[PDB]
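*Asks:* Got a structure for you, written out below as structure tokens; questions coming shortly.
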Amino acid sequence: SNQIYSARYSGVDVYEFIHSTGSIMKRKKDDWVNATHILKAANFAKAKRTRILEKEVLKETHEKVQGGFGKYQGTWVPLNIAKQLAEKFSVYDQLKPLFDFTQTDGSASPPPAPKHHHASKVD
């Protein structure tokens, strides 16, 4: 719901919130949104999301996250245009929290996403 964590990957930070696709990432440059959370949140990720998403995002700043960078968004879109399409028949409702923003009610705010230390895998 309002679970809005902060993360930084691919040299650009993004937002990771659980929604229709679970965690949703966003591009810091233009704060893009994973069209899946907007389209997949109302159409599930199936052969439909492959076209509806590609046809909806492909033309609407659709970015595919691969390699571990932006794998939380997958198909994020320009928040300026994403929120305009989501408010339509996307998740305008389920995104109540994502759009509300988790503001610190004045109480010490916890750190962004879970802090995890990378392990050393020597070949």
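*Asks:* Please give the length that would be gained between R8 and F99 if that part of the chain were fully extended, namely 0.36 nm times their separation in residues minus their C-alpha to C-alpha distance (nm, one decimal). Display every interim value, and only then the final one.
*Replies:* Values: separation 91, 0.36 × 91 = 32.76 nm, distance 1.96 nm.
In short, 30.8 nm is gained.
*Asks:* Taking only Cα atoms and a 10 Å spring cutoff, compute GNM fluctuations for the chain and point out the largest among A47, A35, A86.
*Replies:* With Cα springs under 10 Å in the chain, the top fluctuation among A47, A35, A86 is at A47.
*Asks:* Hey, what's the Cα Rg ratio for the stretch 17-81 versus the globular rule of thumb, 2.2 N^0.38 Å?
*Replies:* That works out to 0.96 for the stretch 17-81.
*Asks:* For the stretch 108-122, just list the computed ³J(HN,Hα) in residue order, Karplus coefficients 6.51, -1.76 and 1.60, θ = phi - 60°, integers in Hz, with x standing in for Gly and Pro.
*Replies:* With coefficients 6.51, -1.76 and 1.60, one gets 2, 7, x, x, x, 2, x, 6, 10, 8, 5, 8, 9, 9, 7 Hz.
*Asks:* With only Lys, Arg, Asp and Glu charged, each at its Cβ (+1 for the first two, -1 for the last two), find how big the charge dipole of the chain is about the Cα centre; round to the nearest 20 debye.
*Replies:* Numbers: 19 positive and 13 negative charges, 93 e Å.
Here the chain has a charge dipole of around 440 debye.
*Asks:* Then there is this: When only DSSP loop residues count, what chymotrypsin sites (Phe, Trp or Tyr not before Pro) in the stretch 26-123 have their Cβ near at most 11 other Cβ atoms within 10 Å?
*Replies:* Counting only loop positions with at most 11 other Cβ atoms within 10 Å, the chymotrypsin sites (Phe, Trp or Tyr not before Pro) in the stretch 26-123 are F101.
*Asks:* Taking the chain as a Gaussian network, where each spring joins two C-alpha atoms under 10 Å apart, which residue of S90, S107, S23 fluctuates the most?
*Replies:* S107
*Asks:* Also, quick follow-up: Compute the distance in nm between two label points, each set 7 Å from the Cα along the Cα-to-Cβ direction, one at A108 and one at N80.
*Replies:* Between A108 and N80, the simple spin-label model gives 4.0 nm.
*Asks:* Using only the Cα atoms of the stretch 47-97, what semi-axes does the equivalent ellipsoid have when each is the square root of 5 times a gyration tensor eigenvalue? Give whole Å, largest first.
*Replies:* With the √(5λ) rule applied to the stretch 47-97, the semi-axes are 18, 14, 11 Å.
*Asks:* So, how do all the Cα-to-Cα distances of the chain break down into 5 Å bins, in percent, from 0 on up?
*Replies:* Spelled out bin by bin, the chain gives 2, 12, 21, 24, 17, 11, 6, 4, 2, 0 percent.
*Asks:* Subtract the Cα-Cα distance of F44 and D123 from 0.36 nm times their separation in residues, and report this length gain in nm to one decimal.
*Replies:* Gain in length upon complete extension: 24.6 nm.
*Asks:* To continue, here is another question. Which of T50, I81, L98 sits closest to the plus end of the dipole of the chain, meaning its Cα is farthest towards the positive end, when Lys and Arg get +1 and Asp and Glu get -1 on the C-beta?
*Replies:* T50
*Asks:* Using the number of other C-beta atoms within 10 angstrom as an exposure proxy, rank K40, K29 with the fewest first.
*Replies:* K29, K40
*Asks:* Using 0.36 nm per residue, how much length does the chain from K59 to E87 gain when fully extended, once their Cα-Cα distance is taken away?
*Replies:* Between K59 and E87, full extension yields an extra 8.3 nm.
*Asks:* Whose amide H sits under 5 Å from the amide H of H19, counting only residues 5 or more places off or on another chain, with H placed in the peptide plane?
*Replies:* Distant-sequence amide H within range of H19: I24.
*Asks:* Fewest to most neighbouring Cβ within 10 Å: what's the order for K26, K48?
*Replies:* The fewest-first ordering by Cβ neighbours comes to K48, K26.
*Asks:* Kindly flag which residue pairs out of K83/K121; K28/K115; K59/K115; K48/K121; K46/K115; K46/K121 have an alpha-carbon separation exceeding 29 Å in this structure.
*Replies:* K83/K121; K59/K115; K48/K121; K46/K115; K46/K121
Reconstructed Cβ throughout: ideal geometry from the backbone, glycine too, with neighbour counts over all protein chains shown. Each value in this text was obtained by applying a stated rule to the coordinates, not by laboratory testing.
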